[PDB]
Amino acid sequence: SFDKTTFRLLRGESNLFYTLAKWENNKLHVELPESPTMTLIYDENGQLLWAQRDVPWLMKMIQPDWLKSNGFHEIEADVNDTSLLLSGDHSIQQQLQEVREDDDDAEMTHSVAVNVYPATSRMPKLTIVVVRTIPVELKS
């Protein structure tokens, strides 16, 4: 599409996350800001420091090379796996049921923004991955 708009929106979200991050006692303390996204924070070697939610299939899609540079990505997911990004929203769960009944094999697209922050006097090198949980095909 025109990926730059979505990339920039996700990146603003990520920049906020970085600003509110603190590092103390060899440990990263994250605070949430205040559409829906899932944020994942990796250290300077691609190891997971923190995650908004535990979702292994998503963890597998974040290709580790992505984490060395700022970038936009799409990931395709099975609609039943997209559901596990959106759990708690009965409405989108029903849109997903409609998708699933139209086709068991349905796939879904997810916008992803990887952002890299070199080390500072107070904070190690970090990489914030912001993933849009509502898939592209449903935008509304």
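Sequential numbering from 1, following the sequence displayed.
Chemist: Hey, how big is the hole between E34 and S35 in terms of deposited residues without coordinates: none, 1 to 3, 4 to 9, or 10 or more?
Modeler: Count of unmodelled residues in between: 4 to 9.
Chemist: Where do the C-alpha atoms have the higher mean temperature factor in this entry, in 86-94 or in 67-75?
Modeler: So the stretch with the higher mean C-alpha B-factor is 86-94.
Chemist: Mind pulling up the entry and telling me whether 35-43 or 97-105 has the higher mean Cα temperature factor?
Modeler: If you average the C-alpha B-factors of 35-43 and of 97-105, the larger mean comes out for 97-105.
Chemist: Whose C-alpha has the highest temperature factor in the PDB entry: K60, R53, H29, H110?
Modeler: So the option with the highest C-alpha B-factor is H29.
Chemist: Splitting the chain's C-alpha B-factors into thirds, which one does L16 fall into?
Modeler: It falls in the middle third of the chain.
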